[PDB]
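Peer 1: Data: upload_14.tsv, TSV, C-alpha atoms and all ligand atoms.
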chain	number	residue	atom	x	y	z
S	1	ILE	CA	119.06	-53.11	-101.43
S	2	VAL	CA	118.09	-55.95	-103.81
S	3	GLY	CA	115.59	-55.03	-106.62
S	4	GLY	CA	115.29	-51.29	-105.71
S	5	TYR	CA	116.12	-48.15	-107.71
S	6	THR	CA	118.66	-45.28	-107.48
S	7	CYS	CA	117.20	-42.79	-104.99
S	8	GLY	CA	118.55	-39.63	-106.44
S	9	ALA	CA	121.18	-37.56	-104.73
S	10	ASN	CA	120.13	-36.32	-101.36
S	11	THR	CA	116.45	-37.27	-101.74
S	12	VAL	CA	116.63	-39.24	-98.39
S	13	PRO	CA	118.31	-36.43	-96.37
S	14	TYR	CA	118.06	-38.25	-92.98
S	15	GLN	CA	120.14	-41.22	-94.28
S	16	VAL	CA	123.54	-41.60	-92.57
S	17	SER	CA	126.51	-43.83	-93.60
S	18	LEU	CA	128.53	-45.25	-90.62
S	19	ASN	CA	132.19	-45.45	-91.72
S	20	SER	CA	135.11	-47.07	-89.96
S	21	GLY	CA	137.59	-46.75	-92.83
S	22	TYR	CA	134.86	-47.95	-95.17
S	23	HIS	CA	130.99	-47.98	-95.15
S	24	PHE	CA	129.62	-50.86	-93.02
S	25	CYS	CA	126.10	-49.83	-91.81
S	26	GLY	CA	123.41	-47.17	-92.37
S	27	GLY	CA	121.71	-44.99	-89.71
S	28	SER	CA	119.06	-42.22	-89.41
S	29	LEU	CA	119.61	-38.63	-88.14
S	30	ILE	CA	116.93	-37.87	-85.54
S	31	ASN	CA	118.15	-34.37	-84.43
S	32	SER	CA	121.44	-32.38	-84.99
S	33	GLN	CA	123.45	-34.39	-82.34
S	34	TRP	CA	121.90	-37.89	-82.51
S	35	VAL	CA	121.75	-40.86	-84.83
S	36	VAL	CA	119.74	-44.13	-84.42
S	37	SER	CA	121.10	-47.33	-86.07
S	38	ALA	CA	121.06	-51.07	-85.18
S	39	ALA	CA	122.82	-52.67	-82.21
S	40	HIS	CA	124.27	-55.39	-84.51
S	41	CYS	CA	126.17	-52.42	-86.18
S	42	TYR	CA	128.11	-51.63	-82.93
S	43	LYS	CA	131.88	-50.96	-83.46
S	44	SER	CA	134.38	-48.75	-81.66
S	45	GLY	CA	135.70	-45.86	-83.87
S	46	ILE	CA	132.65	-44.83	-85.94
S	47	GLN	CA	132.51	-41.72	-88.13
S	48	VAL	CA	129.04	-40.67	-89.24
S	49	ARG	CA	128.86	-39.41	-92.79
S	50	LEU	CA	125.90	-37.12	-93.47
S	51	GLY	CA	124.81	-35.58	-96.89
S	52	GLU	CA	126.08	-38.55	-98.85
S	53	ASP	CA	125.04	-39.86	-102.18
S	54	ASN	CA	128.12	-41.44	-103.84
S	55	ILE	CA	130.10	-42.72	-100.81
S	56	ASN	CA	133.28	-42.98	-102.89
S	57	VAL	CA	133.27	-39.42	-104.25
S	58	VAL	CA	133.26	-36.17	-102.18
S	59	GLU	CA	130.44	-34.31	-104.08
S	60	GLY	CA	130.15	-31.24	-101.99
S	61	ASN	CA	127.25	-31.90	-99.57
S	62	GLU	CA	128.78	-34.22	-97.00
S	63	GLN	CA	129.45	-33.67	-93.28
S	64	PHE	CA	131.90	-36.19	-91.65
S	65	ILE	CA	131.56	-36.20	-87.84
S	66	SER	CA	132.95	-38.56	-85.30
S	67	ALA	CA	130.76	-40.33	-82.68
S	68	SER	CA	131.46	-39.16	-79.09
S	69	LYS	CA	129.37	-42.00	-77.56
S	70	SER	CA	127.48	-45.09	-78.57
S	71	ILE	CA	124.62	-46.62	-76.39
S	72	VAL	CA	123.46	-50.09	-77.33
S	73	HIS	CA	119.97	-50.93	-76.04
S	74	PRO	CA	120.18	-52.32	-72.40
S	75	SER	CA	118.37	-55.57	-73.49
S	76	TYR	CA	119.88	-56.26	-76.96
S	77	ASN	CA	120.39	-59.98	-77.42
S	78	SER	CA	122.95	-60.62	-80.12
S	79	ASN	CA	121.80	-64.18	-80.64
S	80	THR	CA	118.08	-63.42	-81.24
S	81	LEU	CA	118.64	-59.88	-82.43
S	82	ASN	CA	115.82	-58.88	-80.10
S	83	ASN	CA	115.98	-55.06	-79.18
S	84	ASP	CA	118.37	-54.38	-82.08
S	85	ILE	CA	118.78	-50.57	-81.74
S	86	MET	CA	121.62	-48.30	-80.68
S	87	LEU	CA	122.00	-44.51	-80.35
S	88	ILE	CA	125.12	-42.65	-81.52
S	89	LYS	CA	125.84	-39.10	-80.32
S	90	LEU	CA	127.85	-36.82	-82.59
S	91	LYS	CA	130.98	-35.07	-81.36
S	92	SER	CA	129.58	-31.81	-82.83
S	93	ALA	CA	126.06	-30.97	-84.04
S	94	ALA	CA	125.36	-31.45	-87.73
S	95	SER	CA	124.32	-28.35	-89.75
S	96	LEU	CA	120.82	-29.05	-90.98
S	97	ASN	CA	119.85	-27.87	-94.42
S	98	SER	CA	118.05	-29.16	-97.51
S	99	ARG	CA	120.42	-32.11	-97.85
S	100	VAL	CA	120.92	-33.05	-94.15
S	101	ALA	CA	117.62	-33.31	-92.33
S	102	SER	CA	116.30	-35.21	-89.34
S	103	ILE	CA	113.45	-37.77	-89.53
S	104	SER	CA	110.53	-37.74	-86.96
S	105	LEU	CA	110.00	-40.55	-84.47
S	106	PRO	CA	106.52	-42.17	-84.61
S	107	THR	CA	103.62	-41.25	-82.32
S	108	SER	CA	102.03	-44.73	-82.84
S	109	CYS	CA	102.98	-47.94	-84.63
S	110	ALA	CA	102.13	-48.45	-88.32
S	111	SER	CA	99.65	-51.08	-89.51
S	112	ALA	CA	100.17	-54.00	-91.92
S	113	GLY	CA	99.71	-52.87	-95.53
S	114	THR	CA	101.31	-49.38	-94.86
S	115	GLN	CA	103.89	-48.59	-97.57
S	116	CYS	CA	107.38	-47.63	-96.44
S	117	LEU	CA	110.67	-46.54	-98.01
S	118	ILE	CA	113.84	-48.46	-97.15
S	119	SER	CA	117.23	-47.16	-98.32
S	120	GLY	CA	120.90	-48.13	-98.12
S	121	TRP	CA	124.28	-48.71	-99.78
S	122	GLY	CA	124.20	-52.51	-99.12
S	123	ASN	CA	124.47	-55.55	-101.35
S	124	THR	CA	122.30	-55.48	-104.50
S	125	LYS	CA	122.43	-59.16	-105.52
S	126	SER	CA	120.54	-62.07	-103.85
S	127	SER	CA	122.95	-64.70	-105.20
S	128	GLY	CA	126.29	-62.90	-105.40
S	129	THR	CA	127.81	-59.65	-104.35
S	130	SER	CA	127.71	-56.17	-105.83
S	131	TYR	CA	127.94	-53.16	-103.67
S	132	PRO	CA	126.65	-49.78	-105.02
S	133	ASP	CA	128.39	-46.44	-104.60
S	134	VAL	CA	125.12	-44.40	-104.67
S	135	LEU	CA	122.07	-44.71	-102.42
S	136	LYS	CA	119.48	-47.32	-103.40
S	137	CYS	CA	115.79	-47.08	-102.38
S	138	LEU	CA	112.94	-49.61	-102.17
S	139	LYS	CA	109.26	-49.14	-101.53
S	140	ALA	CA	107.84	-51.97	-99.45
S	141	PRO	CA	104.80	-52.71	-97.30
S	142	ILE	CA	104.63	-53.90	-93.71
S	143	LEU	CA	103.39	-57.47	-93.76
S	144	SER	CA	100.92	-59.24	-91.45
S	145	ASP	CA	102.56	-60.60	-88.35
S	146	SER	CA	101.07	-64.01	-89.23
S	147	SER	CA	103.04	-64.20	-92.46
S	148	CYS	CA	106.09	-62.80	-90.65
S	149	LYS	CA	105.96	-65.52	-87.92
S	150	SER	CA	105.11	-68.29	-90.40
S	151	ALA	CA	108.27	-67.46	-92.35
S	152	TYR	CA	110.36	-67.53	-89.11
S	153	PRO	CA	108.71	-69.89	-86.49
S	154	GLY	CA	109.62	-68.96	-82.88
S	155	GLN	CA	112.00	-66.08	-83.88
S	156	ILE	CA	109.79	-62.98	-84.13
S	157	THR	CA	109.15	-61.04	-80.90
S	158	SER	CA	106.86	-58.08	-80.33
S	159	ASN	CA	109.84	-55.83	-81.11
S	160	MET	CA	110.14	-56.90	-84.75
S	161	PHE	CA	108.02	-56.60	-87.91
S	162	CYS	CA	108.44	-57.97	-91.44
S	163	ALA	CA	108.27	-55.80	-94.54
S	164	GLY	CA	108.81	-56.73	-98.10
S	165	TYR	CA	107.68	-59.29	-100.65
S	166	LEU	CA	106.99	-62.97	-100.10
S	167	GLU	CA	107.62	-63.77	-103.77
S	168	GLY	CA	111.20	-62.54	-103.15
S	169	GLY	CA	113.38	-60.40	-105.45
S	170	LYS	CA	113.02	-57.21	-103.39
S	171	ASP	CA	114.58	-56.79	-99.92
S	172	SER	CA	117.15	-54.92	-97.77
S	173	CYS	CA	120.48	-56.80	-97.37
S	174	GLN	CA	123.79	-56.64	-95.49
S	175	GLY	CA	125.25	-53.17	-95.79
S	176	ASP	CA	121.75	-51.70	-95.34
S	177	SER	CA	121.90	-52.81	-91.64
S	178	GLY	CA	120.89	-49.98	-89.21
S	179	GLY	CA	119.25	-47.94	-91.99
S	180	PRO	CA	115.74	-46.29	-92.06
S	181	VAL	CA	112.29	-47.70	-92.83
S	182	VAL	CA	110.04	-44.57	-93.08
S	183	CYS	CA	106.23	-44.94	-93.44
S	184	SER	CA	104.04	-41.83	-93.52
S	185	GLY	CA	106.81	-39.44	-92.60
S	186	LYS	CA	107.92	-41.31	-89.44
S	187	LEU	CA	110.79	-43.59	-88.66
S	188	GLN	CA	109.00	-46.91	-88.05
S	189	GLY	CA	111.77	-49.45	-88.63
S	190	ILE	CA	115.53	-50.19	-88.57
S	191	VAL	CA	117.07	-52.70	-91.04
S	192	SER	CA	117.87	-55.66	-88.78
S	193	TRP	CA	117.97	-59.17	-90.29
S	194	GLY	CA	116.51	-61.83	-92.60
S	195	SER	CA	117.59	-65.16	-94.30
S	196	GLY	CA	120.00	-64.13	-97.08
S	197	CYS	CA	118.45	-61.37	-99.14
S	198	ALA	CA	115.37	-61.34	-101.36
S	199	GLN	CA	114.67	-65.06	-101.10
S	200	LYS	CA	111.05	-66.24	-101.65
S	201	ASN	CA	109.00	-66.54	-98.43
S	202	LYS	CA	111.82	-65.03	-96.32
S	203	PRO	CA	111.01	-61.24	-95.90
S	204	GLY	CA	113.19	-58.66	-94.20
S	205	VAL	CA	112.81	-58.37	-90.38
S	206	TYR	CA	113.05	-54.81	-88.91
S	207	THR	CA	113.26	-53.33	-85.33
S	208	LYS	CA	109.86	-51.89	-84.43
S	209	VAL	CA	110.93	-48.36	-83.47
S	210	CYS	CA	107.50	-47.31	-82.04
S	211	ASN	CA	108.16	-49.65	-79.03
S	212	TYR	CA	111.31	-47.64	-78.23
S	213	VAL	CA	110.36	-43.93	-78.37
S	214	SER	CA	110.33	-43.47	-74.55
S	215	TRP	CA	113.82	-45.10	-74.21
S	216	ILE	CA	115.08	-42.96	-77.12
S	217	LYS	CA	113.73	-39.71	-75.76
S	218	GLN	CA	114.88	-40.40	-72.15
S	219	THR	CA	118.40	-41.50	-73.25
S	220	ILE	CA	119.10	-38.54	-75.63
S	221	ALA	CA	117.94	-36.13	-72.88
S	222	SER	CA	120.31	-37.53	-70.26
S	223	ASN	CA	123.39	-37.84	-72.51
S	301	CA	CA	130.20	-38.58	-101.32
Do you think you could lay out the structure here as structure tokens?

Peer 2:
Amino acid sequence: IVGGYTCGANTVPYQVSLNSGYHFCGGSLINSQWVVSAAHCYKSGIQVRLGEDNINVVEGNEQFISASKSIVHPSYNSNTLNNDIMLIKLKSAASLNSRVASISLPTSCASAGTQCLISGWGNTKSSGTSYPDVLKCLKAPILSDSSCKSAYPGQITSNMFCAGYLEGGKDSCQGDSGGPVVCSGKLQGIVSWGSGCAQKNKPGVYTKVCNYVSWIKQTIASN
């Protein structure tokens, strides 16, 4: 997260870290057996780490659980990043408590100007590299689709929205990939892509989760 703040330990209790020997992507817990993250975070051999704040120190509230199956969206296009969403089922159900909680799926899409919270353990510098050990948070608005498509001509589909700041300096970044964008208590977005991080006139692009609720609900029920 570039230009955000330290969240505070376990204040985003639905945030998941995907680990394959190291942290490489974020995710969101949507019920005790299922996680949603981005398709561009697919790997074989994922362990889902719940209850995390410092990902380098075991602090007492973590649950480490291996994925039993991963389902990448049937129409994910890795070149356009269109339909960038994947479901991960846990080998055993997480124990929900104050520090491990699920987030609700949206009943409708959010409008431009709604304020959201984005969170992740990804890169914190726009020019350079510095990876945090504790969860970073950023408050950011959904932007008009006009300013989203003018920043990226011909690349935005109906399954994508922009959120952030056109002046730059505040954005999600690699390492935040697959993580939550929550607006009004609902999971509205997944950290998907952008041009670098926190560059002027190049906002973050996010998977528009409200287009996918039927596929999510039908797939978790049959798996
Ligand atoms: Ca930890």

Peer 1: When you count all atoms listed in the file, which of these residues is closest to ligand CA 301 (chain S): S:161, S:14, S:76, S:64?

Peer 2: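 That would be S:64, the residue with the smallest distance to ligand CA 301 (chain S).
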
Peer 1: What's the separation between atom CA of residue 193 of chain S and atom CA of residue 69 of chain S, in Å to one decimal place?

Peer 2: 24.2 Å

Peer 1: Atom CA of residue 169 of chain S and atom CA of residue 24 of chain S are how many Å apart?

Peer 2: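 It comes out at 22.6 Å.
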
Peer 1: Using only C-alpha atoms for the distances, tell me which of S:46, S:7, S:35, S:182 is nearest to residue 66 of chain S.

Peer 2: S:46

Peer 1: Using all atoms listed in the file, which of S:181, S:51, S:84, S:6 sits nearest residue 105 of chain S?

Peer 2: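 For residue 105 of chain S, the nearest of the given residues is S:181.
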
Peer 1: Which residues of chain S sit at most 10 Å from ligand CA 301 (chain S), using only C-alpha atoms and all ligand atoms? Give each one's shortest atom pair and distance in Å (one decimal place), in chain and ascending residue order, as a tab-separated table.

Peer 2:
residue	atom	partner	partner_atom	distance
S:9	CA	S:CA301	CA	9.7
S:49	CA	S:CA301	CA	8.7
S:50	CA	S:CA301	CA	9.1
S:51	CA	S:CA301	CA	7.6
S:52	CA	S:CA301	CA	4.8
S:53	CA	S:CA301	CA	5.4
S:54	CA	S:CA301	CA	4.3
S:55	CA	S:CA301	CA	4.2
S:56	CA	S:CA301	CA	5.6
S:57	CA	S:CA301	CA	4.3
S:58	CA	S:CA301	CA	4.0
S:59	CA	S:CA301	CA	5.1
S:60	CA	S:CA301	CA	7.4
S:61	CA	S:CA301	CA	7.5
S:62	CA	S:CA301	CA	6.3
S:63	CA	S:CA301	CA	9.5
S:133	CA	S:CA301	CA	8.7
S:134	CA	S:CA301	CA	8.4

Peer 1: Once you count all atoms listed in the file, what closest atom pair and distance in Å to one decimal does each residue of segment 52-131 of chain S within 12 Å of segment 145-149 of chain S have, with rows by chain and rising residue number, as a Markdown table?

Peer 2:
| residue | atom | partner | partner_atom | distance |
| --- | --- | --- | --- | --- |
| S:111 | CA | S:145 | CA | 10.0 |
| S:112 | CA | S:145 | CA | 7.9 |
| S:113 | CA | S:145 | CA | 10.9 |

Peer 1: Residues around (130.6, -36.0, -81.4), cut-off 8 Å, counting all atoms listed in the file - what are they as a PyMOL selection string?

Peer 2: chain S and resi 33+65-69+89-93

Peer 1: Of the candidates S:160, S:72, S:88, S:140, which one gets nearest to residue 45 of chain S if we count all atoms listed in the file?

Peer 2: S:88

Peer 1: Atom CA of residue 119 of chain S to atom CA of residue 75 of chain S: how many Å, to one decimal?

Peer 2: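 Atom CA of residue 75 of chain S lies at a distance of 26.2 Å from atom CA of residue 119 of chain S.
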
Peer 1: Just checking: using only C-alpha atoms, which residue out of S:10, S:142, S:137, S:178 ends up closest to residue 23 of chain S?

Peer 2: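 For residue 23 of chain S, the nearest of the candidates is S:178.
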
Peer 1: Nearest to residue 73 of chain S among S:41, S:29, S:12, S:110, with distances taken over all atoms listed in the file: which residue is it?

Peer 2: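 With all atoms listed in the file as the atom set, the closest residue is S:41.
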
Peer 1: Set the distance at 7 Å and use only C-alpha atoms: which residues neighbour residue 176 of chain S once local chain neighbours fewer than 2 positions away are removed? I'd like the list as a PyMOL selection string.

Peer 2: chain S and resi 1+25-26+120-122+172-174+178-179+191

Peer 1: Would you list the residues near (124.0, -56.4, -109.3), meaning any protein, DNA or RNA residue with an atom at most 7 Å from that point in file coordinates, counting all atoms listed in the file, as a count of residues only?

Peer 2: 3

Peer 1: Sorted by chain and rising residue number, which residues of segment 41-129 of chain S lie within 9 Å of segment 184-187 of chain S, and what are their closest atom pairs and distances in Å to one decimal, counting only C-alpha atoms, as JSON lines?

Peer 2:
{"residue": "S:103", "atom": "CA", "partner": "S:187", "partner_atom": "CA", "distance": 6.5}
{"residue": "S:104", "atom": "CA", "partner": "S:186", "partner_atom": "CA", "distance": 5.1}
{"residue": "S:105", "atom": "CA", "partner": "S:187", "partner_atom": "CA", "distance": 5.2}
{"residue": "S:106", "atom": "CA", "partner": "S:186", "partner_atom": "CA", "distance": 5.1}
{"residue": "S:107", "atom": "CA", "partner": "S:186", "partner_atom": "CA", "distance": 8.3}
{"residue": "S:110", "atom": "CA", "partner": "S:184", "partner_atom": "CA", "distance": 8.6}
{"residue": "S:114", "atom": "CA", "partner": "S:184", "partner_atom": "CA", "distance": 8.1}
{"residue": "S:115", "atom": "CA", "partner": "S:184", "partner_atom": "CA", "distance": 7.9}
{"residue": "S:116", "atom": "CA", "partner": "S:184", "partner_atom": "CA", "distance": 7.3}

Peer 1: Can you pull out every residue within 8 Å of residue 159 of chain S, counting only C-alpha atoms, but drop anything in the same chain fewer than 3 positions away, and send it as a list in words?

Peer 2: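 These residues fall inside the cut-off: residues 82, 83, 156, 207, 208, 209 and 211 of chain S.
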
Peer 1: Will you model N, CA and C atoms for segment 118-153 of chain S and pass it back as an mmCIF file, keeping the file's coordinate frame?

Peer 2:
data_model
loop_
_atom_site.group_PDB
_atom_site.id
_atom_site.type_symbol
_atom_site.label_atom_id
_atom_site.label_comp_id
_atom_site.auth_asym_id
_atom_site.auth_seq_id
_atom_site.Cartn_x
_atom_site.Cartn_y
_atom_site.Cartn_z
ATOM 1 N N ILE S 118 112.611 -47.895 -97.744
ATOM 2 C CA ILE S 118 113.840 -48.460 -97.150
ATOM 3 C C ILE S 118 114.992 -48.004 -98.048
ATOM 4 N N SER S 119 116.155 -47.679 -97.500
ATOM 5 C CA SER S 119 117.230 -47.160 -98.320
ATOM 6 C C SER S 119 118.577 -47.582 -97.752
ATOM 7 N N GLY S 120 119.583 -47.702 -98.599
ATOM 8 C CA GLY S 120 120.900 -48.130 -98.120
ATOM 9 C C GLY S 120 121.915 -48.341 -99.230
ATOM 10 N N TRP S 121 123.179 -48.442 -98.860
ATOM 11 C CA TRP S 121 124.280 -48.710 -99.780
ATOM 12 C C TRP S 121 124.703 -50.171 -99.640
ATOM 13 N N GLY S 122 123.803 -51.126 -99.386
ATOM 14 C CA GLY S 122 124.200 -52.510 -99.120
ATOM 15 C C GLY S 122 124.145 -53.344 -100.400
ATOM 16 N N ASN S 123 124.406 -54.643 -100.233
ATOM 17 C CA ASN S 123 124.470 -55.550 -101.350
ATOM 18 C C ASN S 123 123.219 -55.479 -102.229
ATOM 19 N N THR S 124 123.401 -55.529 -103.556
ATOM 20 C CA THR S 124 122.300 -55.480 -104.500
ATOM 21 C C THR S 124 121.973 -56.821 -105.142
ATOM 22 N N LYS S 125 122.758 -57.876 -104.928
ATOM 23 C CA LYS S 125 122.430 -59.160 -105.520
ATOM 24 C C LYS S 125 122.042 -60.210 -104.453
ATOM 25 N N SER S 126 120.987 -60.993 -104.738
ATOM 26 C CA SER S 126 120.540 -62.070 -103.850
ATOM 27 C C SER S 126 121.485 -63.270 -103.885
ATOM 28 N N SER S 127 121.996 -63.612 -105.062
ATOM 29 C CA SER S 127 122.950 -64.700 -105.200
ATOM 30 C C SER S 127 124.116 -63.911 -105.766
ATOM 31 N N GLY S 128 125.140 -63.674 -104.964
ATOM 32 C CA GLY S 128 126.290 -62.900 -105.400
ATOM 33 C C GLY S 128 126.402 -61.596 -104.614
ATOM 34 N N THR S 129 127.427 -60.857 -105.034
ATOM 35 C CA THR S 129 127.810 -59.650 -104.350
ATOM 36 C C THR S 129 128.004 -58.515 -105.340
ATOM 37 N N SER S 130 127.431 -57.359 -105.065
ATOM 38 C CA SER S 130 127.710 -56.170 -105.830
ATOM 39 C C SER S 130 127.242 -55.064 -104.918
ATOM 40 N N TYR S 131 128.213 -54.275 -104.516
ATOM 41 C CA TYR S 131 127.940 -53.160 -103.670
ATOM 42 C C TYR S 131 127.897 -51.842 -104.445
ATOM 43 N N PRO S 132 126.814 -51.065 -104.313
ATOM 44 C CA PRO S 132 126.650 -49.780 -105.020
ATOM 45 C C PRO S 132 127.460 -48.641 -104.374
ATOM 46 N N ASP S 133 127.772 -47.614 -105.154
ATOM 47 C CA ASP S 133 128.390 -46.440 -104.600
ATOM 48 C C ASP S 133 127.383 -45.336 -104.314
ATOM 49 N N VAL S 134 126.168 -45.399 -104.897
ATOM 50 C CA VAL S 134 125.120 -44.400 -104.670
ATOM 51 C C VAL S 134 123.964 -45.067 -103.953
ATOM 52 N N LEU S 135 123.169 -44.257 -103.249
ATOM 53 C CA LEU S 135 122.070 -44.710 -102.420
ATOM 54 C C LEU S 135 120.983 -45.352 -103.297
ATOM 55 N N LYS S 136 120.558 -46.536 -102.832
ATOM 56 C CA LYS S 136 119.480 -47.320 -103.400
ATOM 57 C C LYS S 136 118.288 -47.210 -102.439
ATOM 58 N N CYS S 137 117.082 -47.254 -103.027
ATOM 59 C CA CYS S 137 115.790 -47.080 -102.380
ATOM 60 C C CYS S 137 114.856 -48.194 -102.746
ATOM 61 N N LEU S 138 113.898 -48.553 -101.891
ATOM 62 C CA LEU S 138 112.940 -49.610 -102.170
ATOM 63 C C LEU S 138 111.648 -49.247 -101.430
ATOM 64 N N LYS S 139 110.540 -49.329 -102.149
ATOM 65 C CA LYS S 139 109.260 -49.140 -101.530
ATOM 66 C C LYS S 139 108.730 -50.508 -101.134
ATOM 67 N N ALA S 140 108.244 -50.666 -99.912
ATOM 68 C CA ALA S 140 107.840 -51.970 -99.450
ATOM 69 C C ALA S 140 106.820 -51.825 -98.348
ATOM 70 N N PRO S 141 105.855 -52.740 -98.287
ATOM 71 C CA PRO S 141 104.800 -52.710 -97.300
ATOM 72 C C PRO S 141 105.145 -53.488 -96.053
ATOM 73 N N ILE S 142 104.565 -53.092 -94.920
ATOM 74 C CA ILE S 142 104.630 -53.900 -93.710
ATOM 75 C C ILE S 142 103.711 -55.067 -93.958
ATOM 76 N N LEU S 143 104.157 -56.250 -93.603
ATOM 77 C CA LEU S 143 103.390 -57.470 -93.760
ATOM 78 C C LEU S 143 102.701 -57.869 -92.450
ATOM 79 N N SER S 144 101.673 -58.714 -92.584
ATOM 80 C CA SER S 144 100.920 -59.240 -91.450
ATOM 81 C C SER S 144 101.894 -60.009 -90.579
ATOM 82 N N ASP S 145 101.707 -59.894 -89.270
ATOM 83 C CA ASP S 145 102.560 -60.600 -88.350
ATOM 84 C C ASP S 145 102.398 -62.086 -88.484
ATOM 85 N N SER S 146 101.251 -62.581 -88.957
ATOM 86 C CA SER S 146 101.070 -64.010 -89.230
ATOM 87 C C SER S 146 102.023 -64.482 -90.298
ATOM 88 N N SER S 147 102.125 -63.758 -91.429
ATOM 89 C CA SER S 147 103.040 -64.200 -92.460
ATOM 90 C C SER S 147 104.456 -63.944 -92.076
ATOM 91 N N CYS S 148 104.742 -63.008 -91.168
ATOM 92 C CA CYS S 148 106.090 -62.800 -90.650
ATOM 93 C C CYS S 148 106.432 -64.011 -89.789
ATOM 94 N N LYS S 149 105.598 -64.428 -88.824
ATOM 95 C CA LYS S 149 105.960 -65.520 -87.920
ATOM 96 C C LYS S 149 105.880 -66.858 -88.625
ATOM 97 N N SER S 150 105.098 -67.008 -89.712
ATOM 98 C CA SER S 150 105.110 -68.290 -90.400
ATOM 99 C C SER S 150 106.388 -68.413 -91.190
ATOM 100 N N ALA S 151 106.997 -67.327 -91.680
ATOM 101 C CA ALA S 151 108.270 -67.460 -92.350
ATOM 102 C C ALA S 151 109.391 -67.772 -91.347
ATOM 103 N N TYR S 152 109.279 -67.329 -90.076
ATOM 104 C CA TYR S 152 110.360 -67.530 -89.110
ATOM 105 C C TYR S 152 109.872 -68.109 -87.768
ATOM 106 N N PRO S 153 109.449 -69.376 -87.660
ATOM 107 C CA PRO S 153 108.710 -69.890 -86.490
ATOM 108 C C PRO S 153 109.480 -69.741 -85.190
#
